[PDB]
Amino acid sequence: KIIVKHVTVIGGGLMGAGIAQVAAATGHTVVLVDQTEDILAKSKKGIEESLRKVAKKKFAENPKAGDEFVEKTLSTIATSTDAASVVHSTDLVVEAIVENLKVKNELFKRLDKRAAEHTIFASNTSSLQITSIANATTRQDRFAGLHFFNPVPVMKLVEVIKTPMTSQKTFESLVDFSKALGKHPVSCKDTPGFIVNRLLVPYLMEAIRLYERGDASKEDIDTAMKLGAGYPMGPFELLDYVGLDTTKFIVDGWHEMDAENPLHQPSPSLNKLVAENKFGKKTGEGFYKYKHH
């Protein structure tokens, strides 16, 4: 077996940055990639802030030990603006850039040419077909989905997505990598939503519909699911948390593919908030208003 040691993370946004942090804090050598040296600087700055915050809590009894912990993790994270310049010596590429099929394919089609023969390619895409992105290369046996959850340093789950072309060898290596990250990998076919979103999102939509239908208030529904179902967050609270735009985008996709399916019918309230740019906790307001920090 070829064990993942060097990881190239493409995209230093909410997800990528978190993936880089966890990979680096667990002993992997990482190269975080993004479009500009500024974006990278900002992303790395966010990773530091997050680590120091974790350190000031784990090593509360010893600041020096906390600093060392942060410095060692942070120092194993290099940054480059062109992934092509470093994949020839990387073991795994984890992509977390814009959720646009064409962009991702252009990305992987090119990297395919620079990457070492054993290099595995993985996409953290939530709504696109791993199979579609994989066929943008001739490395399908070494391509799969590696789906994380926000905040990455905190959420322990990772969905390892296998296309009909992914090799068992590629699959096992990602499972191993997942455990090496301190996460718990689960397996799922390359089907829309995979496991979590496929069971989570349609439920959140049903919650919105029960509310639009006026059967009960948002507040009551949230109370009902937290106390009655034991959920950490009521559905409206979670919607604002994951992002109403993020959610609408996923559902539009499903609706597009099967407009006749009632489960994916659009939500007026959801569309309205998104139109009004009320994306949730991101913009200080979604279905609920939040204290603009």
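For every residue, the number given is its place in the sequence shown, counted from 1.
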Per the entry, higher mean C-alpha B factor between 104 to 112 and 195 to 203: 104 to 112
Segment of higher mean CA temperature factor, 115 to 123 or 70 to 78: 70 to 78
Residue with highest C-alpha B-factor in the PDB entry, from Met233, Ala259, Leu227, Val33: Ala259
Ranked against its chain, the third holding the CA B-factor of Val4: lowest
Chain thirds of CA B-factor: placement of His147: lowest
Chain-wide C-alpha B factor ranking for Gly182, given as lowest, middle or highest third: lowest
Third assignment of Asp220 from its chain's C-alpha B-factors: middle
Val242, C-alpha B-factor rank within chain (lowest, middle or highest third): middle
